[PDB]
Amino acid sequence: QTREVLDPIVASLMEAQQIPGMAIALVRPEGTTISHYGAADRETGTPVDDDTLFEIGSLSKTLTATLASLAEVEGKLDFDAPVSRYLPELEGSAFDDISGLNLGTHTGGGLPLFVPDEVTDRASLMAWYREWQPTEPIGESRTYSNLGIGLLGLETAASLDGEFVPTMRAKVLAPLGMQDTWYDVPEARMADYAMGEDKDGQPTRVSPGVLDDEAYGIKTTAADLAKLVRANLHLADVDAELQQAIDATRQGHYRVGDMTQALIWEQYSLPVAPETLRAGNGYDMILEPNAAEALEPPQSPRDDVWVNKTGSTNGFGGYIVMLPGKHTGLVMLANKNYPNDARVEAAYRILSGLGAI
């Protein structure tokens, strides 16, 4: 059926990229198909199954974005407001002039990609935010940042008078039915925690770091992710306020060349050539600052677009594509950090093989 298009491509991908295991989820209007390939851990050879848990890296940011969007829908968070309104420990800093919307679109004034070594806890972090000097015109330039979305995670928790992880579980994960989604994987499920493989073939797992939960910390199953995707595609039964929150994550906020930056989500209009997608998910977009044009009346969720997000850790590589107009989406989790190029090619072949493009 569906699985005839998918199995040869995945096989080819895993062989070409030396991927121990993958878990894939295809979301269609007539149902969601889950598929498991290879081993959860190369050394032991344990198969990937329904319960297998994957690091999703920066894919976590879609969750963070969603919870931010819900606090907005509940009228507890204004995206246009200075971030210091909700984190008064940052009054007087650059964040009097930087908004939650900026942070959610990586247009917060040049905020760097990584958390500095100097920063080792909340106090030292807030301190650093207070000290930091913007290096790019706020709301005009895009630099992919963990400090940025990490801070939006903090701002959101503050505006909801709760702690991040429990709030996330209560307001987003539980209602979406995401019962296998963990920030800290419990001892009981450690057997189901896949082992990573880095690009030198060594086994890796993610270490704790500051802002990990907010920026890259989730471990989960392809099915659970498929619930988030199902909701974006209007294929799930979900609270009205939550469904508004999710939809707003897909609002166009900035034009960045061929890419439109939604709230975390990144999208390309259709039809789209793989090269556009390789470039948009490549070096010039991820690791350089890019001019960004504010879409002033925001722009509603589009039905003629390729929406995606990549995510990685040293040992895992995830990718999510959504076609809102075709009510189709794809989740590809792997326990190997393989190139974004390969992710884009695989996702593309798969989706045209099913005539969603």
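Compute the angle between helix 60-73 and the longest alpha-carbon principal axis of the chain, please, reported from 0 to 90 degrees and rounded to the nearest 10.
Value to nearest ten degrees: 50.
Just want the ordering: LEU59, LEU295, from fewest to most Cβ atoms lying within 10 Å of their own Cβ.
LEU295, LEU59
For the chain, what does the convex hull of the Cα positions come to per residue, in cubic angstrom?
126
What is the extension gain from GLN1 to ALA273, computed as 0.36 nm multiplied by their sequence separation minus the C-alpha to C-alpha distance, in nm to one decimal?
Answer, rounded to one decimal: 95.3 nm.
Under the 0.36 nm per residue contour assumption, what length would be gained going from the current alpha-carbon distance of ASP78 and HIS36 to full extension?
Result: 11.0 nm gained on full extension.
List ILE138, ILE350, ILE218 from most exposed to least, where exposure is judged by having the fewest other Cβ atoms within 10 Å.
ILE138, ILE350, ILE218
Name the residue, out of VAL115, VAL272, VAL344, whose mean-square fluctuation peaks in a Gaussian network model built on the chain with Cα pairs under 10 Å.
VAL272
Highest GNM mean-square fluctuation, the chain, Cα pairs closer than 10 Å: which of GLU296, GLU140, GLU89?
Of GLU296, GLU140, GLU89, the most mobile in the Gaussian network model is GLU296.
Is the shape of the stretch 1-127 rounded, prolate or oblate, going by the alpha carbon gyration tensor and its root eigenvalues a ≥ b ≥ c, with a/c under 1.5 for rounded and a/b larger than b/c for prolate?
prolate
With an 8 Å Cα cut-off and a minimum separation of 6 or more residues, compute the relative contact order for the chain in percent.
Across the chain, relative contact order equals 25 percent.
Using only Cα atoms and rounding to the nearest 10 degrees, what angle (0 to 90) does helix 3-17 make with the longest principal axis of the chain?
Tilt of helix 3-17: around 70 degrees.
Of the candidates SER12, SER84, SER35, which one comes out as most mobile in a Gaussian network treatment of the chain with C-alpha springs shorter than 10 Å?
Maximum among the listed residues: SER12.
Tally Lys/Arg at +1 and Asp/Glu at -1 over every other residue whose Cβ is under 13 Å from the Cβ of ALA174; what's the total?
Net local charge, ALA174 excluded: 0.
Using a/c under 1.5 as the rounded threshold, could you call the stretch 266-354 rounded, prolate or oblate? The axes a ≥ b ≥ c are square roots of the C-alpha gyration tensor eigenvalues, and prolate needs a/b larger than b/c, oblate otherwise.
It comes out oblate by the Cα gyration axes.
Sort the stretch 214-338 into rounded, prolate or oblate with this rule: let a ≥ b ≥ c be the square roots of the eigenvalues of the Cα gyration tensor; rounded if a/c is under 1.5, and if a/c is not under 1.5, prolate when a/b is larger than b/c, oblate otherwise.
Taking the square roots of the gyration eigenvalues as a ≥ b ≥ c, the stretch 214-338 is oblate.
To the nearest 20 debye, what charge dipole does the stretch 87-176 have about its Cα centre, counting +1 at the Cβ of each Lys and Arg and -1 at the Cβ of each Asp and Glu?
420
Where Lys and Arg each count +1 and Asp and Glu each count -1, what net charge lies around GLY355 among other residues with Cβ under 14 Å from its Cβ?
+1
Does anyone have the angle between helix 240-249 and the longest principal axis of the chain? Alpha-carbon axes, 0 to 90°, nearest 10?
Between helix and principal axis, roughly 90 degrees.
Order these by the 10 Å Cβ neighbour count, fewest first: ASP341, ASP284, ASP200.
Ranking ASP341, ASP284, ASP200 by Cβ neighbours within 10 Å, fewest first, gives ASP200, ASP284, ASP341.
Bear in mind that the values in this text are calculations on the coordinates, not laboratory data. Please note: Cβ atoms are built from the backbone with ideal geometry, for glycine as well, and neighbour counts cover all protein chains shown.
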